[PDB]
Ligand SMILES: O=[N+]([O-])c1ccc2nn[nH]c2c1
């Protein structure tokens, strides 16, 4: 059974997964994605340090591979992260001049989005803009451009490809009690009212065991920011308890604006934290209990 087809049967858009050439050409990743997932994301090959490792010298080979694979297999595509402090090459990090960085940032966004114009359902435009306490993270972008970097990034993105849904993404939004959760809500409300085209909030959902239950209330909170969409991104759960996974799926089912869920990867060995067995397929590419439990939940 296909979690993507069951999500669609329940009125959602997709169940997605992150991938890259190195996965698609190995194991059972491609076969599982074909059968079970309706949306793919280049895991790493659109991140700034991969795709623009020296300024204005882009390397699209890896991203092209995923985009072409997706098209050939009838999958939706997400891309990102366009602006993300933690995946920057050093040439970006060292810039101290506002106009310089603004133009670099605009060029980076426009170049990526125009290359695939019309093909991409979602771009994750800005990631990790908030500190844990809800303040804006003092990244090179905030420090050199100011808070306007958000507006500039999103307006640039909307100009580059108005067909795409534009998302802000952040982590540790998995509890309604966390200050970061409300902070992103109220800033997104403020920004959208000021004309910033933020179509979605994507919750990068990297959970420890037992944290799924929190998402049942965090996601409705996120949805209160009034974006047209919300989503679950980069989903993984240490231990991969069915209880945690079903909770995350149910949170999305319970939120009308939640269009879908993207898993961080297919099989545990390829996780960023493989030893925590946090994904839905084991290293033999067999579905784990949590995969079966999500299927069964969506069927009922
Ligand atoms: O949801 N995802 O797994 C995922 C992976 C990489 C990305 N980069 N930008 N957005 C992403 C989403």
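None of the figures in this text is laboratory data; all of them are computed from the coordinates on show. Every residue, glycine as well, gets a Cβ built from its backbone with ideal geometry; the counts of neighbours run over all protein chains shown.
Examine the stretch 240-250 for a residue that is away from the ligand (no atom under 16 Å from the Cβ) and over 16 Å from residue 292 (Cβ atoms), and state whether such a residue exists.
No, the conditions are met nowhere in the stretch 240-250.
Do we have any residue at all in the stretch 227-240 that's outside any strand (DSSP E or B), over 19 Å from the mean Cα position of the chain (by Cα) and surrounded by fewer than 18 Cβ atoms within 10 Å (Cβ to Cβ)?
Yes; the residues of the stretch 227-240 include at least one that is outside any strand (DSSP E or B), over 19 Å from the mean Cα position of the chain (by Cα) and surrounded by fewer than 18 Cβ atoms within 10 Å (Cβ to Cβ).
Report, ordered by the first and then the second residue, all pairs with beta carbons closer than 8 Å, sequence separation of six or more or different chains, a first member in the stretch 216-234 that is closer than 15 Å to residue 171 by Cβ, and a second member that is assigned to a loop (DSSP other than H, G, I, E, B) and within 16 Å of the ligand (Cβ to nearest atom).
From the stretch 216-234, the pairs are 218/173; 218/174; 222/173; 234/264.
Tell me which residues, restricted to the stretch 254-268, are outside any strand (DSSP E or B) and crowded, with 16+ Cβ neighbours inside 10 Å.
Step one: list which residues in the stretch 254-268 are outside any strand (DSSP E or B), which gives 254-257, 264-266, 268.
Once the filter is applied, which keeps residues that are outside any strand (DSSP E or B) and crowded, with 16+ Cβ neighbours inside 10 Å, the stretch 254-268 yields 255, 257, 264, 265, 266, 268.
Inspect all residues belonging to the stretch 211-226 and state whether any of them is away from the ligand (no atom under 16 Å from the Cβ), more than 22 Å from residue 255 (Cα to Cα), under 18 Å from the mean Cα position of the chain (by Cα) and outside any helix (DSSP H, G or I).
Checked the stretch 211-226: no residue is away from the ligand (no atom under 16 Å from the Cβ), more than 22 Å from residue 255 (Cα to Cα), under 18 Å from the mean Cα position of the chain (by Cα) and outside any helix (DSSP H, G or I).
Condition first: touching a residue at least 40 places away in the same chain (Cβ under 8 Å) and under 17 Å from the mean Cα position of the chain (by Cα). Now tell me which residues in the stretch 246-277 satisfy that.
Across the stretch 246-277, the qualifying residues are 248, 249, 252, 258, 259, 260, 261, 262, 263, 264, 265, 266.
Answer yes or no: is there a residue in the stretch 260-267 that is touching a helix residue (DSSP H, G or I) at 6+ places or on another chain (Cβ under 9 Å) and away from the ligand (no atom under 16 Å from the Cβ).
No, because not a single residue in the stretch 260-267 is touching a helix residue (DSSP H, G or I) at 6+ places or on another chain (Cβ under 9 Å) and away from the ligand (no atom under 16 Å from the Cβ).
Among the listed residues 91, 69, which satisfies the condition of being over 15 Å from the mean Cα position of the chain (by Cα) and surrounded by 18 or more Cβ atoms within 10 Å (Cβ to Cβ)?
Testing whether each residue is over 15 Å from the mean Cα position of the chain (by Cα) and surrounded by 18 or more Cβ atoms within 10 Å (Cβ to Cβ) leaves just 69.
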